[PDB]
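One-letter residues, chain by chain:
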Amino acid sequence: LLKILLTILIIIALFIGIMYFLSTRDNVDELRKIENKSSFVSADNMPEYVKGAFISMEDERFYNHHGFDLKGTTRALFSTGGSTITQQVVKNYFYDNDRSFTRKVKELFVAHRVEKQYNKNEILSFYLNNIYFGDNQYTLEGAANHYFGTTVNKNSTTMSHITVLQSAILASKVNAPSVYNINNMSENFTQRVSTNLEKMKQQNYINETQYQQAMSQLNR
């Protein structure tokens, strides 16, 4: 008996070793291809409320972990469905197409590589720069200009910068239901972006004067 559960260990292992060999490759720095994007901006060149508008909702402890976050993985494993900003990256670039257990696992193997190789600001720039804001917008810059006419490059001087409110909108589309329309937001959506403005105030990405600003704006 103690050997039957063993013979199930080495198969999961064999399957995990199977899993590894299949992640290769799937090789970064293919990930660096992103940077050529016409409207590519880098996170260091954005406001900190824009950075946090995503961090706080999606990956509340980004610069901490090294790819995997178990307290959000357990919540996904229903001790309460979160992906690290690193895993989303991986998936979005490579696995944008398919989901399967045999993918989510190797997606852990790949995300590991990208933490090994890149740094947190690089990473988070692939994330913010290859994601869908539901209008055929896959860059935060594209989406920002496209929905509000504002920019996310803090060094910008030609276009008007992006407001606090707007950040929580775009952060909160990223993983909203395909139904959640930024052009016309639902009571259900306009409460989702709020769950967000709270997570930034809470996490200190914004102050109470900025916070009320958005929520008055949201209720405008």
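What counts, and where the lines are drawn
Residues numbered from 1 in each chain as written, not as in the entry; some residues may be left out. Heavy atoms only, no water. Helix = DSSP H or I, 4+ residues; strand = E, 2+ residues; numbered from the N terminus. Buried < 20%, exposed > 50% of the residue type's maximum accessible area, 1.4 Å probe, protein only. UniProt positions renumbered as here; feature names shortened; annotations may be inferred. Polar contact = N/O pair within 3.5 Å; in protein donor to acceptor, adjacent residues only side chain to side chain. Contact = heavy atoms within 4.5 Å. Core = buried A, V, L, I, M, F, W, Y, C linked by side-chain atoms within 4.5 Å. 1 Å grid on protein atoms, 1.4 Å probe; cavity = no way out; pocket = protein on both sides within 12 Å on 5 of 7 lines; lining within 4 Å. Points joined across faces, edges and corners; volume = space filled by probe spheres on them. Nonpolar A, V, L, I, M, F, W, Y, C, P; charged D, E, K, R; others polar.

Its PDB record attributes the structure to X-ray crystallography, giving the resolution as 3.202 Å.

A. Inspection of the environment of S178 at higher detail. Locating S178 in the fold gives a position in the loop between α9 (164-171) and α10 (192-203). Judged by relative accessible area, which is 77%, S178 ranks as exposed. Between the alpha carbons of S178 and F133 there is a distance of 9.7 Å; along the sequence they are 45 residues apart.

B. The arrangement of the UniProt feature "transmembrane region" in the chain in detail. The sites that UniProt annotates as "transmembrane region" are residues 4-24. The straight-line gap between the two end C-alpha atoms of residues 4-24 is 31 Å; of that span, 95% is helix and 0% is strand.

C. Quick look at the side chain of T86. Inspection of the secondary structure puts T86 in helix α4 (residues 85-95). Side chain to side chain, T86 and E115 meet in a polar contact 2.7 Å long. Beyond its immediate chain neighbours, meaning those up to four positions away, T86 contacts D59, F62, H65, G67, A111, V114, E115, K120 and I123.

D. Just the side chain of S83, in detail. Counting through the fold element by element, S83 comes out in the loop between α3 (70-79) and α4. Look at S83 and you get buried, because its relative accessible area is 15%. Within the structure, the side chain of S83 is placed 3.3 Å from the side chain of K91, a separation counted as a polar contact. Setting aside chain neighbours within four positions, we find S83 in contact with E58, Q88, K91 and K104.

E. Up close: the nonpolar core. By size, the foremost hydrophobic cluster in this structure holds 52 residues, and its most contacted members are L31, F54, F133, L140, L170 and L197. Secondary-structure elements contributing two or more residues to this core are α2 (48-58), α4, α6 (106-117), α7 (120-129), α8 (140-147), α9, α10 and α11 (208-218). Per-element accounting of this core gives the leading share, six residues, to α9. The residues contacting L31, other than those within four sequence positions of it, are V89, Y93, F94, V114, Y118 and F126.

F. The layout of surface pockets, seen in detail. Of the volumes computed, that of the second largest pocket is approximately 230 Å³. Going through the elements one at a time, α9 and α11 are the ones with two or more residues in the lining of the second largest pocket. For the lining of the second largest pocket, the leading source of residues is α9, giving three residues. The class makeup of the residues in the lining of the second largest pocket is seven nonpolar, five polar and one charged.

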